[PDB]
Amino acid sequence: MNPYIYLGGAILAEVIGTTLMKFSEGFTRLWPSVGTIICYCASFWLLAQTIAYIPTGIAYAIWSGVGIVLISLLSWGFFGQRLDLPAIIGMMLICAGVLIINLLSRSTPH
Amino acid sequence: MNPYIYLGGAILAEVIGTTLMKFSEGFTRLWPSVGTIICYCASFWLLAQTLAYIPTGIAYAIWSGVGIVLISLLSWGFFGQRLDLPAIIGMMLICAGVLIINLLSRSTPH
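In this report, we go over the structure that sits alongside the text.

Let's shift gears to the nonpolar core. Core analysis: the biggest nonpolar cluster contains 43 residues, and A:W63, A:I94, B:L47, B:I58, B:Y60, B:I62 and B:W63 have the highest contact counts within it. Broken down by secondary-structure element, the contributors of at least two residues to this core are α1 (3-24), α2 (30-50), α3 (56-78) and α4 (85-106) of chain A together with α1 (3-23), α2 (30-50), α3 (56-76) and α4 (85-103) of chain B. If one sorts the elements of this core by residue count, α3(B) sits on top with nine residues. For B:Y60, the contacting residues outside a window of four places in its chain are A:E14, A:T18, A:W63, A:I68, A:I71 and B:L47.

Rendered as structure tokens:
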């Protein structure tokens, strides 16, 4: 198995499940609810396998960060949900602070 | 309703479930896994409520972004150790990002 294939599959499942949950308007449609559960369980299963070959903090940072970008892009196209420039700057400020926290984590004793 | 209390609840459920998952190490992890599943399911419900008011990527970004700071503090030992100066700077960037999302962007039913 290739870990990039698993990590990207985990992200793909995360984006699809989160989009499906938003599309369904919460947990309120049976087939959406079942699909949402399968997507998150698959995403976690792929993550659990992945972290044996990619660092756990790096894998989480890639999984969350790429996921947010793909969810934002897919929401913009599928729902017509446009983001304001301070909101776009705001998520990037969160990413910049998260990078500092990740570096502090990566420089902590092993 | 107020989405920020639900989003904070989702973050709290994420942190508590993660804490239980981290410190259960037994011969079988059955009963702590069951509690972990409940905490993660609660986090997803609370996130699903949040997505009604807050943009899809932005809500996910706050949920991961405030979550990783709490998880990082849990990892390092909370107030059990001397708090780093760049950690404060990283938290300030995350807080600044949240502040412009909160006050220069709208949270309303969509």
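A few words on the interface of chain B and chain A. Between chain B and chain A, the contact holds 36 residues from the first and 33 residues from the second. Between chain B and chain A lies a buried interface of about 3000 Å² when both sides are counted; carbon and sulfur atoms form 78% of it. For the pair chain B and chain A, the number of links is one salt bridge. The residue B:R106 makes a salt bridge to A:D84 at a minimum N-O spacing of 3.2 Å. For the side of chain B that touches chain A, the secondary structure elements donating two or more residues are α2, α3 and α4 of chain B. A total of twelve residues in the side of chain B that touches chain A trace back to one element, the largest contributor, which is α3(B). In terms of residue class, the side of chain B that touches chain A is made up of 24 nonpolar, nine polar and three charged.

The rules behind the values
Residues numbered from 1 in each chain as written, not as in the entry; some residues may be left out. Chains lettered and ligands numbered in written order. Heavy atoms only, no water. Core = buried A, V, L, I, M, F, W, Y, C linked by side-chain atoms within 4.5 Å. Buried < 20%, exposed > 50% of the residue type's maximum accessible area, 1.4 Å probe, protein only. Helix = DSSP H or I, 4+ residues; strand = E, 2+ residues; numbered from the N terminus. Contact = heavy atoms within 4.5 Å. Buried area = accessible area lost by both parts, 1.4 Å probe. Salt bridge = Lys/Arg side-chain N within 4 Å of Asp/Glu carboxyl O. Nonpolar A, V, L, I, M, F, W, Y, C, P; charged D, E, K, R; others polar.

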